[PDB]
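Enquirer:
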Amino acid sequence: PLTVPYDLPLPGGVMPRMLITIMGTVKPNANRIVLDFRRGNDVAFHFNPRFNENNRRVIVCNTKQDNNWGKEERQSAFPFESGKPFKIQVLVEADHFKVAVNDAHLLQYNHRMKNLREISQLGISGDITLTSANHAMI
Ligand SMILES: OC[C@H]1O[C@@H](S[C@@H]2O[C@H](CO)[C@H](O)[C@H](n3cc(-c4cccc(F)c4)nn3)[C@H]2O)[C@H](O)[C@@H](n2cc(-c3cccc(F)c3)nn2)[C@H]1O
Ligand SMILES: [Cl-]
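According to the authors' numbering, the sequence shown is numbered sequentially starting from 127.
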């Protein structure tokens with residue numbers, strides 16, 4: 127029963143073997159979900175499921191620097207469903223972020239902003255109810 131948008135502190139930034147876990151329910155008639163791994167006002171990793179982009183479901187990933195978006199990465203595999211519970215797991219590794227949804231691998235996003243110690247906040251927003259958010263070293 128967390129309030130969305132929710133800011134999860136990542137003190138000391140991210141590092142290899144850090145695992146972030148987000149639990150919630152997609153609202154009925156959802157349009158999008160956003161997880162923003164922020165470096166101050168910049169976004170090192172934007173993970174953005176879209177439920178109705180031109181009548182299709184897609185995952186868009188990108189990086190924002192100085193208010194401008196970089197080149198998009200796109201994935202047709204879409205494990206979310208309107209009205210249903212979900213579990214997002216983000217594993218940080220030396221070269222990328224690895225994302226799994228409902229315990230199944232979804233995608234990898236290579237680090238563009240390499241100073242991992244400065245990625246100190248995760249913003250969770252969009253058309254969801256949020257149950258829990260945590261991070262641990264595994
Ligand atoms: O890159 C990632 C960004 O994407 C843009 S949408 C982007 O806009 C571009 C404008 O030039 C293009 O239109 C681009 N595009 C679409 C197509 C295309 C081509 C063919 C068919 C078809 F279908 C589609 N080609 N190119 C769009 O993806 C979102 O607004 C933005 N964002 C989202 C949020 C945000 C939202 C909610 C909460 C929150 F916290 C943040 N805050 N910023 C972020 O997610
Ligand atoms: Cl969109």
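Just so you know, even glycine gets a beta-carbon here, dropped at the ideal spot from N, CA and C.
Buried or exposed: which applies to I264, given that a residue is buried once 16 or more other Cβ atoms fall within 10 Å of its Cβ?
Expert: Position 138 of the sequence shown, counted from the first residue, corresponds to residue 264. Label assigned to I264: exposed.
Enquirer: In this structure, does DSSP put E219 in helix, strand or coil?
Expert: What you label residue 219 is simply residue 93 of the sequence shown in a count that begins at 1. Coil, per DSSP.
Enquirer: Using CA atoms only, rank isn't needed, just tell me which of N228, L242, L256 and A259 is closest to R143.
Expert: In the sequence shown, counting from the first residue as 1, residue 143 sits at position 17. The shortest Cα separation from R143 among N228, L242, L256 and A259 belongs to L242.
Enquirer: Among the residues of its own chain, which have a CB less than 8 Å from the CB of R164, if the five just before and after it don't count?
Expert: Locating residue 164 in the sequence shown gives position 38, where the first residue counts as 1. Correct list, in chain order: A170, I245, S246, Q247, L248 and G249.
Enquirer: Along the chain, where does the beta strand (DSSP E) that runs through residue 296 open and close?
Expert: In this structure the chain extends from 127 to 264, so residue 296 is not present and cannot be described.
Enquirer: Under the criterion of a Cβ to heavy atom distance below 7 Å, does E207 qualify as lining ligand 2?
Expert: By one-based count along the sequence shown, residue 207 stands at place 81. For ligand 2, no non-hydrogen atom lies closer than 7 Å to the CB of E207.
Enquirer: Between the C-alpha atoms of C187 and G196, what's the straight-line distance to the nearest angstrom?
Expert: As a first step, residue 187 must be located in the sequence shown, where it is residue number 61. As a first step, residue 196 must be located in the sequence shown, where it is residue number 70. Going by the C-alpha atoms only, they are around 10 Å apart.
Enquirer: Under three-state DSSP, which class holds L134?
Expert: Indexing the sequence shown from 1 puts residue 134 at position 8. It is a strand residue.
Enquirer: Let me check understanding here. Comparing Cα to Cα, which of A220, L136 and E207 lies closest to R182?
Expert: Residue mapping note: residue 182 aligns to position 56 of the sequence shown, counting from 1. With distances taken between Cα atoms, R182 lies closest to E207.
Enquirer: Check whether the Cβ atoms of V160 and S251 sit closer than 8 Å, and answer yes or no.
Expert: Looking up residue 160 in the sequence shown gives position 34. Looking up residue 251 in the sequence shown gives position 125. The answer is yes: Cβ separation under 8 Å.
Enquirer: With distances taken Cα to Cα, identify the nearest neighbour of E179 among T189, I148 and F204.
Expert: Within the sequence shown, residue 179 is the residue found at index 53, counting from 1. For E179, the nearest C-alpha among the options comes from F204.
Enquirer: Please write down, chain order preserved, every residue whose beta carbon lies under 6 Å from a heavy atom of ligand 2.
Expert: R158, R176 and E179
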